[PDB]
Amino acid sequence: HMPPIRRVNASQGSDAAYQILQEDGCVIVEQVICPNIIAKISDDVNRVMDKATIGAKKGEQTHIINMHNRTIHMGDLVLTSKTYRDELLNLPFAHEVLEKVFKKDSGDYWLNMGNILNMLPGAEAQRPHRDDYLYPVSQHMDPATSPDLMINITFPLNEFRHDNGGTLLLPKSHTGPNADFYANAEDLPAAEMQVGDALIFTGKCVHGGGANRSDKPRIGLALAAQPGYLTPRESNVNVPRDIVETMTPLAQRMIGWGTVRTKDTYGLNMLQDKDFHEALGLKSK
């Protein structure tokens, strides 16, 4: 018996989605965002897609997730899309869920990164994995009781199905012990969904990209958030201060332009023994 991927409409409230996410480790939330927003973001991203890296980045092994050369992962979305800085990073449903996940166990949260997941025609499935493997401390904690280190929110930019490689997930796989093998990709259900929908799964949910057996690319956008005490994979210190001061305080903290406090009230990422904003006089929308 393989349990299916469960879905809620966003009009049912982020409590329903959060209860499915803590019982299964994954949930598809339908009609969570206006599809026109996503169309603008796909516009912006397609302009600059010819400048992205195919395969692994420099000096990173590829056998934990089966990182290969018919996928494109592209970052730097903050500079690429204003609609991303303005609409997506402030979506209140997403922050309702992320606050339910992170607030008591860890405190404030920010992005690990925002990432374009391009599964090219011909791309094979990845090895099912846990994303919290990125952080070494996660192997020294019991998954049944340890706090969540990562939450992934994936917005399909075109439609996700099984045949074009929509994300494969293993529901209810998020409490068991860490293992070097979990499942074969061919045994997992795919997250099927449309522009406007989002898939949400935790750093402990077993998942991976599927095989794109179609003749068009399958592209999603993944907002990955984590506790503020974990170092983001992507820094944003090179974003113009004048761009950053048109963003909201919450979104400025998301891209690392703000102090993050632990659930114990201690600040990380401070400037000159003060608040990040206070020390810079950083304005915001």
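Residue positions are given as counts along the sequence shown, with the first one as 1.
Engineer: If you average the CA temperature factors over each stretch, which comes out higher, 86-94 or 115-123?
Structural biologist: Higher of the two, by average CA B-factor, is 115-123.
Engineer: On mean Cα temperature factor in this entry, is 202-210 or 141-149 the higher one?
Structural biologist: Looking at the recorded C-alpha B-factors, 141-149 comes out higher on average.
Engineer: For the CA B factor values reported in this entry, which option in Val29, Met49, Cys26, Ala251 has the top one?
Structural biologist: Highest C-alpha B-factor among the listed options: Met49.
Engineer: Quiz for you: based on the deposited Cα B-factor, which of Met247, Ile54, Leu221, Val260 is highest?
Structural biologist: In the PDB entry, the greatest C-alpha B-factor among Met247, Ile54, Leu221, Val260 is found at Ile54.
Engineer: Just say lowest, middle or highest third for the CA B-factor of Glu192 relative to the other modelled residues in its chain.
Structural biologist: For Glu192, the deposited C-alpha B-factor lands in the middle third.
Engineer: In terms of the CA temperature factor given in the entry, to which third of its chain does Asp131 belong: lowest, middle or highest?
Structural biologist: CA B-factor rank for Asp131: lowest third.
Engineer: Which third, lowest, middle or highest, does the C-alpha temperature factor of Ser235 belong to within its own chain?
Structural biologist: Middle third of the chain for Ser235's C-alpha B-factor.
Engineer: Quick check on the deposited entry: does the C-alpha B-factor of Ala16 sit in the lowest, middle or highest third of its chain?
Structural biologist: For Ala16, whose C-alpha B-factor we compare with every modelled residue in the chain, the answer is the middle third.
Engineer: Going by the recorded CA B-factors, say which third of the chain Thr175 sits in, lowest, middle or highest.
Structural biologist: For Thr175, the deposited C-alpha B-factor lands in the middle third.
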